[PDB]
Every structure is written in structure tokens, then in C-alpha cells.
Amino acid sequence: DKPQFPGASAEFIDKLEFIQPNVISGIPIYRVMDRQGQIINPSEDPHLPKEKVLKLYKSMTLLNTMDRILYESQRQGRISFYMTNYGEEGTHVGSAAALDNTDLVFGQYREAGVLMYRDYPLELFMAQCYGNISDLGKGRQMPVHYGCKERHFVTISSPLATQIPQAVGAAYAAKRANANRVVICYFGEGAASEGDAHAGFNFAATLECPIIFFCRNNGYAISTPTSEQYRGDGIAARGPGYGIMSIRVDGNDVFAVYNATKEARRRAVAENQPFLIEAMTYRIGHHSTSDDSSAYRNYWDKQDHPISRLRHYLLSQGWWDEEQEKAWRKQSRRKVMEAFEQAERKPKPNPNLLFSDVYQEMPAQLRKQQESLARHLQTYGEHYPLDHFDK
């Protein structure tokens, strides 16, 4: 006898046996170089040219330099909010480096390194955090909600996981247009608990979309450890359930991250099929500036750091030295401080920008609200911070 059910393809079994989840021994973690920067398996070595590996190193450390500066700025109340990328710099640059420049990116908020690798100007990162006249976002969103149409980085929004099924629709449209394009979608392990993640993963598989799902599993969603987030073998183990090709990689190894991403882009585009990459990492800094992470929890910053590990790699190749490290540290700092000071000195956008872009055109009833404000300021203007805004 052979099973005839339309919902599944299987054989009958005659004994009652529950399928047990494999958690103690989960999906292994793909690694390319050890914690001392040594390649473990010559056949997995990407052999990236020197210029590209240096670009990886400089993008990571530059991001790091910007994070320190902007984090202090927030502490001083110069900007109202901030979120660093400590410990996850490798997942950003390694995956971005594996993409084509026109692959469309959807993210969460801890992916600024993708933009950095894509040469997003320091002046724009800061324009957005200060909400000044140079922000193409027109100062409307909270700091670190970056976006760039020119570098194919969809504007970041606060609601967790909403970008996931959006990314899938974007990939579906990409498939129809027949471009050699893949869409990549980043999100944390906490965000993976939202209903939208389940929606996106399932639509991606059943609608056959060229998309790479990229989960950064850093062990925490603010104060919640993964033991309270899920009970299966992480995020990677859910991919096959949706019929999605999956893999887990050491998120502190830019080369393992790069190899996995490069291979998933290649197959996703050719086979119009989704791939799931779960990068194991560790959140070094606080969740944000409104969180003191030492309320619910040094090994990961001193003995297993993506920047530190790529550094050892460069040394062994004769590609970097203590002197170059010093010069780059100094130049990084200067570049960041130049952009920072220019950003603080620029005025904020014209208060009228509060009314545009709600709809493409501006509805008549909305223009009347705009005129209302203009009249209000004519009369009570002395009570508003008018001198700081553009006119």
C-alpha cells in the first residue's frame, strides 16, 4: 500500500514514533578562519584580493569609530537616540561584499555596515541622526533609520519584521523583470518571532522568489535571552520546514559570512529560490542608548571579535602593520569628527517639510493645516525654536 494524500509525499509507518527535535546537536556552525585569523580549510579560502579585504577591514573599523562618537553624542543629549553595531560588524561587511551593487537591501536597524561598505557618505549618516537640512529623509524619523535610493538600501522603519514579507514581494517583482538581481533581508533572532517572519518565509518558498533571508542571532532581543525566544535549534532549523535551503555561519568570521552569502546569491538568482543564512554572533554593546545591558547579563570583545580576527588575518599576509593601524585610526577619527562638526552646525529643515510626502500630492485639507501653522507662527512665533530651522 502507498500513501495517496495530496498534502504530503511519504510512506506509511506501522509503529507510533514522535519526531524529536535535534537541539543539543544543532545545525553546525560554518567557520573559515579560527579566532587567530588562520584559514582552517584551504579549499574554503575565498582568496579575496588584498584591496577588497582591506576595504572590509576599513569599513568595519570606520563604522566602529563612528559608533563610539555617535554613542557619546547621544549620552550628551546632542542626538536623541542611537544604536551601535559592536560585534556585528563582520556580518555586515562580509555579506555586503558578497552582493552585487544593485541587489536591493531590506534591514532592521543594526546594518549600517552594509551602507558603509556601499560608500554611504559620513555626512549622510550624520545628517539623518541630526535630522538636519542635508537629510534626504527630511528629519522625519528617529536617528539610525537610514535609507538610500542610490545604494539600494530601503529606508529602515521601527516595527520589527515588517520588511520581511516586503522584501519577498520586491524579490518577486525582480524575478518578473528578469534582472540578474537578488534581494537580501536582514533581521534579528527576536524579530524572527513576529508573525511577519512566518509570512515572508512561506511566501518566498511557495512563490519561488530570489531572496536571501539573513538572520543575525546575537543571543538577545533587548533583555530577553534566546532561551525565552524559541526552543527549537535556533532560526536556521526553521528554514527546511518552509522548504528553504538553510545554513548557519560563525558571524564573527567575515570569510564564512562572505562565502555563505556569495553562494546563496548565486543560487537564489539562478534557481529563483530562497536561502536562509543564520549568523551566530554576540551583541557586544547595549541594545541601544535607552538600555543598560548590564541589568540582565568581555569574552566576545577580547577573544572572539570580527575586527580583531580580520586584523590577525591581515598581519599573517603582510597586509597590515601596527603603524598602518595607527595611521588609519587617526584618519578614521578625523574623517568622522569632520562630518560630525559639519552635521551639528547645519540648521534643521524648514517646518513646512512636516506636511509634504504624506501623500504624493498634498491634499487640500492638508494644505489648510499647513497654512494654519504658518499663520500661528506669524503670531506666536517667538515661542517656537524658529532660529534653528531653515527658512
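From 1 onward, residues are counted along the sequence shown. The term rigid core refers to the most C-alpha atoms you can superpose between the two forms while keeping them within 1.5 Å.
Using the rigid core as the fitting frame, the root mean square C-alpha deviation in 5 other deposited structures of this protein is greater for 25-33 than for the other of 25-33 and 63-71. Compared with other deposited structures of the same protein, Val114 does not meet the criterion of being unmodelled in at least one third, since all of those that resolve residues on both sides include it.
Compared with other entries of the same protein, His286 falls in the group left without coordinates by at least a third of them, where both flanks are modelled. In this entry, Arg176 and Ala177 are joined directly, with no residue of the deposited sequence lacking coordinates between them.
Of the two stretches examined, 207-215 and 131-139, the record assigns the greater average C-alpha temperature factor to 131-139. Just going by the entry, 148-156 versus 179-187 on mean CA temperature factor gives the higher value to 179-187.
Sorting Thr289, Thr162, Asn272, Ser227 by the CA temperature factor given in the entry leaves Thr289 at the top. Between the residues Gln360, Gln365, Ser59, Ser332, the entry's highest C-alpha temperature factor is the one at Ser332. Per the deposited record, the Cα B-factor of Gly232 falls in the lowest third when ranked against the other modelled residues of its chain. Sort the modelled residues of the chain by CA B factor and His198 lands in the lowest third. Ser80 sits in the middle third of its chain by CA B factor, as recorded in the PDB entry. Annotation for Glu278: C-alpha temperature factor in the lowest third relative to the rest of the modelled chain, per the entry. The entry lists a Cα temperature factor for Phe106 that places it in the lowest third of the chain's modelled residues.
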